[PDB]
Amino acid sequence: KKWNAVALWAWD
Amino acid sequence: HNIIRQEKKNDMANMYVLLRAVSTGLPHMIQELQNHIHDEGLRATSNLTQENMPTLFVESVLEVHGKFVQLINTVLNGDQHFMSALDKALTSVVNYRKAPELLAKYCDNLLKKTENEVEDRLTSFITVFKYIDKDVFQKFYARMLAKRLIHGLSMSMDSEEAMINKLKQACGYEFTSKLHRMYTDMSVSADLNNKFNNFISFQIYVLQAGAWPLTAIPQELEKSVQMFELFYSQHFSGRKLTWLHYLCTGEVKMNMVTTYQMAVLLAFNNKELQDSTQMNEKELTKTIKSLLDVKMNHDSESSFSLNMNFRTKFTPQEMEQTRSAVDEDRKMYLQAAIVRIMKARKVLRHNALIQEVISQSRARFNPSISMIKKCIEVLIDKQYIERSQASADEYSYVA
Amino acid sequence: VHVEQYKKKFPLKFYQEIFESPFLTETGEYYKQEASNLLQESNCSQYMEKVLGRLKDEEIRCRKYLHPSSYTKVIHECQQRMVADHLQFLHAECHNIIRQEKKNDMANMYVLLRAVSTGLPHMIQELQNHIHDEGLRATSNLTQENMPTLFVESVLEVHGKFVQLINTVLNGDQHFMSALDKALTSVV
């Protein structure tokens, strides 16, 4: 279905 | 008196010119009017404790400005001295010893559910903010900004940008440098989704750095979960991809939607669940409380059975934290400011130092005497300050 | 001291003969060898906190039984046996403390290396290397309309953020000012 995902870019 | 305690405008209309002609006549009337200004504002604003109470407060502050501007611009020719009286009186009817937090609540309700009506109502808000004396408004606002940005609950993007555009004018880029980053991300996030869709539904949001104040995996998920690192193979590098399992959610076909109790249902709907926690058992106990809440027949240690008795669709501590979270930055900035000021002048008075630091850092925070009193403790802990022992009032350079 | 008080020259020689030499050497030996156990024990930050706490006490301990003209020499060797022995270990692991910042750590660090000789130069270049990373970041990938405005609206924040720390956590030092300037004279 649709997992609501969020993820932060960190220490590029 | 009795001519300013009431007003038949002919009287003081005649009065103004005579005292403007003769010297030293004017100052008395300035304070006389200033005293009468407060009476309204100390009235009809008190005895106001009810529901939707932030709305009434702002719906009462503005009328004091509105009524009193016309008279000081009609009966008596406009005079900056009379403008100064009104401002000083108005800078002490909403900053006495909650309202700075109430202003955020005001903005929260309006945007959340006509556009011209919204703009017209927001036009009046900018006037009141100029008189507030602001750290809470700078920090507390992003918190319900985030909840509107995510979990849906997002309004017309135009209004969101208009609020920023109007607020940026008052205080420049410095005050609101951060929040320009958040709104730009969501436009990029939708575009970021489009490109990586071709690598094959799983939709994903990104969050910029750590500036945002926002803060076992399912066995069927790994195929798409580790496929996301192909996006790093595409265009990203070295960034720690962060699957923050706490706050996120998702509409999934279990055969509600927040990952706490979806993580519960990963073993429930399908000891073994205790091992699958991958976390402390107190958090899982909270998630089982979530089950015990409404309409979910556990055998209960963690012994579980099914309920055949089945919507189709699945806090003071906050401000308690915020009270001192800003305060830490206040102490750090006080230390900074102390270092800069007493290392620069080197011959100033320490009470004059207090006044000078008050002047320099007034915009950053509201000065407090005790914080200035406790400044020297850490500096003398390392003996950083070359504390002038001949006179603590006078200074010597730390090196 | 009192017996040779009226001995016109060399007022304090006997004090050196009978007291100063053994009290110096044996106490220095014990205080140096005791630190080895704590070096074996715990983390570098924990060890630095330990050595600072131990350094604080010996000053108060020292004033109880000595002449005023001997406050400087004891703490000199007391410092050396503590820092110069493991100067290599201290110069190492400077990374991960400047690549991030929990200001307590290098706030403790600065004084110890300021005391011992030749310790400071390494940290200057170490900080200078990390300065560029910001400025080589968030300034690139910037090609758009009204692009001159964004460039100046990004150069200033590097100065702004980094001036506060070098003037707060570490007392202001012209040497640290020199590092920031040189780094800023090569980002634009």
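cryo-EM is the method the PDB entry lists for this structure, together with a resolution of 3.95 Å.

A. Region of interest: the overall build of chain B. Helix and strand content of chain B: 18 helices and 2 strands. The globule rule puts the C-alpha radius of gyration for 399 residues at 21 Å, and the 30 Å found for chain B is more than 25% above it. Oriented by its inertia axes, the alpha-carbon framework of chain B measures out at about 90 × 60 × 45 Å. Here chain B holds 399 residues, and the buried ones make up 29% of them. Total accessible area on chain B stands at roughly 26,600 Å², and carbon and sulfur atoms take up 57% of it. Taking the average place of the 49 positive charges on the side chains of chain B and the average place of its 46 negative ones, the gap between the two points comes to 3 Å.

B. Molecular detail of the interface of chain C and chain B. Listed per partner, the contact involves 13 residues of chain C and 12 residues of chain B. The largest share of the area that chain C buries against chain B comes from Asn 167, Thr 168 and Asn 171 of chain C, three residues that together contribute 49% of it. The interface formed by chain C and chain B includes 0 salt bridges. Linking chain C with chain B are 0 residue pairs in polar contact. Contributions of two or more residues to the side of chain C that touches chain B are made by α5 (103–115) and α7 (147–168) of chain C.

C. Broad picture of the packing of aromatic side chains. Tallied over the full model, the rule gives 20 aromatic pairs over all chains. Taking the centre distance of 6.5 Å and the plane angle of 50 degrees together, the rings of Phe 129 of chain B and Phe 175 of chain B count as tilted. Given a relative accessible area of 10%, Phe 129 of chain B falls into the buried group. The structure contains a cluster of three or more aromatic residues connected by ring pairs, namely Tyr 106, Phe 125, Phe 129, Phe 137, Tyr 141 and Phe 175 of chain B. The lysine or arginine in question, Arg 20 of chain B, covers the ring of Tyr 16 of chain B, its NZ or CZ lying 4.7 Å from the ring centre. Seen from the ring of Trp 9 of chain A, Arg 239 of chain B lies directly overhead, with NZ or CZ sitting 4.8 Å from the centre.

D. Quick look at empty space enclosed by the protein. Residues and elements named next belong to chain B. The calculated volume of the largest cavity comes to roughly 150 Å³. In terms of lining residues, the largest cavity is bounded by 14 residues, among which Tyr 141, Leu 145, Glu 160, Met 163 and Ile 164 are the most central. Elements with a contribution of two residues or more to the lining of the largest cavity: α7 (135–149), α8 (157–175) and α9 (179–197). Top element by residues in the lining of the largest cavity is α8. It accounts for 5 residues. Its residues placed into classes, the lining of the largest cavity shows 11 nonpolar, 1 polar and 2 charged.

E. Here's a closer look at the interface of chain A and chain B. Contact residues are listed per partner, giving 12 residues for chain A and 28 residues for chain B. Considering only the surface of chain A that becomes buried against chain B, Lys 1, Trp 3 and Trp 9 of chain A emerge as the three largest contributors, covering 40% of it. Inspection of the chain A/chain B interface yields 2 salt bridges. Residues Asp 12 of chain A and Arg 239 of chain B are paired through a salt bridge, measuring 3.0 Å at the closest nitrogen-oxygen approach. The interface formed by chain A and chain B holds 12 residue pairs in polar contact in total. Classifying every residue of the side of chain A that touches chain B by side-chain character gives 8 nonpolar, 1 polar and 3 charged. Pairing of strand β1 (residues 2–8) of chain A with strand β2 (residues 249–251) of chain B involves 3 bridges; the strand directions are antiparallel. Bridge pairing links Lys 2 of chain A to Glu 251 of chain B in β2 of chain B.

F. Structural context of α8 of chain B. Residues and elements named next belong to chain B. Helix length check: α8 (19 residues) gives 21 Å between terminal C-alpha atoms against 27 Å at 1.5 Å per residue, more than 12% under. Along α8, the sharpest kink reaches roughly 90 degrees, centred on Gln 169. Residues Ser 159, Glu 160, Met 163, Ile 164, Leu 167 and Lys 168 constitute the buried set of α8. Contacts from the buried residues of α8 go to α5 (99–111), α6 (115–129), α7 and α9.

G. The arrangement of the sheet that holds β2 of chain B in detail. If you trace the 3 strands from one edge of the open sheet to the other, you get β1(B)-β1(A)-β2(B), paired in mixed fashion. Both outer strands of the open sheet, β1 (203–207) and β2 of chain B, are each paired with one neighbouring strand and no more. Each strand of the sheet is rotated relative to its neighbour by a mean of 25 degrees, with strand direction disregarded. Where β1 of chain A lies against β1 of chain B, 5 bridges are found, and the strand directions are parallel. Looking across to β1 of chain B, one finds that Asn 4 of chain A is bridged to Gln 203 of chain B.

H. Unusual backbone geometry, seen in detail. For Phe 10 of chain C, which is not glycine, the phi dihedral falls at a positive 55 degrees. For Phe 10 of chain C, the position within the fold is in the segment before α1 (13–41).

I. Seen up close, the pattern of salt bridges. Summed over the entire model, instances satisfying the criterion amount to 21 salt bridges over all chains. With its nearest N and O atoms 3.5 Å apart, the salt bridge here joins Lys 98 of chain B to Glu 101 of chain B. You can call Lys 98 of chain B exposed: its relative accessible area is 64%. By relative accessible area, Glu 101 of chain B is classed as buried at 16%. Three or more residues joined by partner-sharing salt bridges are found here, namely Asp 12 of chain A, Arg 239 of chain B together with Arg 137 of chain C.

J. Expanded view of a nonpolar patch on the surface. Residues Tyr 246, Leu 247, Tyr 260 and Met 279 of chain B make up a contiguous nonpolar surface patch of roughly 420 Å² in combined accessible area. Structurally, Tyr 260 of chain B is set in helix α12 (residues 259–268).

K. Examining α9 of chain B more closely. Residues and elements named next belong to chain B. Relative to the 27 Å expected for 19 residues at 1.5 Å per residue, α9 spans 28 Å between its end C-alpha atoms, a close match to the ideal helical length. The sharpest bend along α9 comes to roughly 25 degrees, located at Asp 185. Along α9, the residues classified as buried are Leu 179, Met 182, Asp 185, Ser 189, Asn 193 and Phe 196. Lining the buried residues of α9 we find α7, α8, β1 and α11 (229–234).

Calculation notes
Residues numbered from 1 in each chain as written, not as in the entry; some residues may be left out. Chains lettered and ligands numbered in written order. Part of a larger assembly, values for the part shown. Heavy atoms only, no water. Helix = DSSP H or I, 4+ residues; strand = E, 2+ residues; numbered from the N terminus. Rg over C-alpha atoms; globule rule 2.2 N^0.38 Å. Buried < 20%, exposed > 50% of the residue type's maximum accessible area, 1.4 Å probe, protein only. Areas by Shrake-Rupley, 256 points an atom, 1.4 Å probe, with all protein chains shown as cover. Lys, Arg positive; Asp, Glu negative; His and termini not counted. Charge placed at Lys NZ, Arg CZ, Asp CG, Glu CD. Contact = heavy atoms within 4.5 Å. Buried area = accessible area lost by both parts, 1.4 Å probe. Salt bridge = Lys/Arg side-chain N within 4 Å of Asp/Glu carboxyl O. Polar contact = N/O pair within 3.5 Å; in protein donor to acceptor, adjacent residues only side chain to side chain. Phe/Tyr/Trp six-rings, centres within 6.5 Å; stacked < 30°, edge-to-face > 60°. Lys NZ or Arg CZ within 6 Å of the ring centre and 35° of its normal. 1 Å grid on protein atoms, 1.4 Å probe; cavity = no way out; pocket = protein on both sides within 12 Å on 5 of 7 lines; lining within 4 Å. Points joined across faces, edges and corners; volume = space filled by probe spheres on them. Nonpolar A, V, L, I, M, F, W, Y, C, P; charged D, E, K, R; others polar. Pairing = 2+ DSSP bridges. Expected span 1.5 Å × (residues − 1). Bend = angle between axes of the 7 residues up to and from the residue. Axes fitted to C-alpha atoms, helices over the stretch in contact; angles between N-to-C directions. Patch = residues over 30% accessible without salt bridge, like charges linked within 9 Å, V, L, I, M, F, W, Y side chains within 5 Å.

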